[PDB]
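Quick heads-up: it's one chain on its own, the form deposited in one PDB entry, in structure tokens.
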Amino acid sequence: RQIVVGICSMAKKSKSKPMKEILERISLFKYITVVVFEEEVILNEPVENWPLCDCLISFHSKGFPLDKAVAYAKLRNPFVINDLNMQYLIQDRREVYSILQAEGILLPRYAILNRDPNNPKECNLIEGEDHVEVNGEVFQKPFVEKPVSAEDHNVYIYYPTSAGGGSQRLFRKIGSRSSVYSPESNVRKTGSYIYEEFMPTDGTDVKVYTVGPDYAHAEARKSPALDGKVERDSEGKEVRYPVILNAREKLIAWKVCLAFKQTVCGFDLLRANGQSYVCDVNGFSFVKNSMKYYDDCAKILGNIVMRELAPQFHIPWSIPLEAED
């Protein structure tokens, strides 16, 4: 029989153009059949009625019932491409940073400010004009303030008085804008945050996209805080610039992929001061608008499936050479 690869995610992701481009390519494998789980089934049917698969590609995004996906995996015991339990941790920036540190991955110096919502003023925070002290640790402006929830994209950057003060407020892109300047110089007074040193880059973020530990595509984009005006092409896509990862960065990608147990994994690098710092690990993310990435991503995933499952299906399989980017 065919090896079944099940795709289990919210429709917003499962029906995205990149997903469709990759799935049609995975379907080219002679012995693989792709089955995309309907969102209505994911949300409203018990896991016992979800379709069978032999390999499960499943990932959390807003509204996804991760507890059900875990229960399904436990019930059916499929080969899992992106580990589900790690996806609980990926939702919490504190957990993400803790894993990065445990793996010896360079990241910004940071401190966690946990605030009791019932008692917001008695947290370990002291604030001056050009700095904060978080659990006694000092951050001179510029510094970055991130909500502990990784799914909250309201990241603020606080500028020193010498540069005019105020702050840049980042958010999920709204049409042409990715951030806005605020005259507010004082930090947020409710919520829990990570405070971290600002890493000076050349004005770009490096976005990395792994497909297993030995492949990563990288590309760059204008730092969303620089002025908040998104660079768009004639198709309405964000302008992306060429990047080739150096040897250190290829190792970082290997480590992130394995540490988070996410075969398909996006994360962000800040190239600063002659090193590269991870500032965000998002888990499952596909590149938009690279034909070559669709080809490579589909072939690697299909080959991962065959390698793991061909023997139990009695299908002959010889491990082919794969590119690294």
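Quick note: we count residues from 1 along the sequence shown, nothing fancier. Rigid core: the largest C-alpha set superposing within 1.5 Å between the two forms. Shifts are known only where both forms have a C-alpha.
Got a sec? Mean C-alpha B-factor, which is higher, 243 to 251 or 181 to 189?
181 to 189 has the higher mean C-alpha B-factor.
Comparing 256 to 264 with 270 to 278, where is the mean C-alpha B-factor higher?
Per the deposited B-factors, the answer is 270 to 278.
Just grab whichever of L28, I300, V34, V47 has the top CA B-factor as deposited.
Reading the PDB entry, the winner on C-alpha B-factor is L28.
Select one of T210, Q91, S98, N119: the residue whose C-alpha shows the highest B-factor in the crystal structure entry.
Across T210, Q91, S98, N119, the entry lists the biggest C-alpha B-factor for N119.
Entry-reported Cα temperature factor of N85, expressed as the chain third it lands in
Middle third.
Modelled-residue ranking by C-alpha temperature factor, third containing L23:
It belongs to the lowest third of the chain when residues are ordered by C-alpha B-factor.
By the record's CA B-factor, is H217 among the lowest, middle or highest third of residues in the chain?
CA B-factor rank for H217: middle third.
Can you tell me which third, lowest, middle or highest, the CA B-factor of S61 falls into for its chain?
Lowest third, going by the recorded CA B-factors of the chain.
Please place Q168 in the lowest, middle or highest third of its chain by C-alpha B factor as given in the entry.
For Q168, the deposited C-alpha B-factor lands in the lowest third.
Below: the form deposited in another entry, not depicted.
Core-superposed comparison between this form and the one not shown - Cα displaced by 2 angstroms or more, from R248, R172, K74, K237:
C-alpha shift of at least 2 Å: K237.
Using a superposition on the rigid core, decide whether the Cα position of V138 changes by 2 angstroms or more between this form and the one not shown.
After core superposition, the displacement of the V138 C-alpha between this form and the one not shown stays below 2 Å, so no.
Rigid-core frame, C-alpha of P120, shift of 2 angstroms or more between this form and the one not shown:
Yes, because once the rigid core is superposed, the C-alpha of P120 moves 2 Å or more between this form and the one not shown.
Runs in sequence order between this form and the one not shown, three or more residues long, with CA shifts of 2 Å or more on the rigid core
Once the cores are aligned, runs 117 to 123, 233 to 237 are those whose C-alphas move by at least 2 Å.
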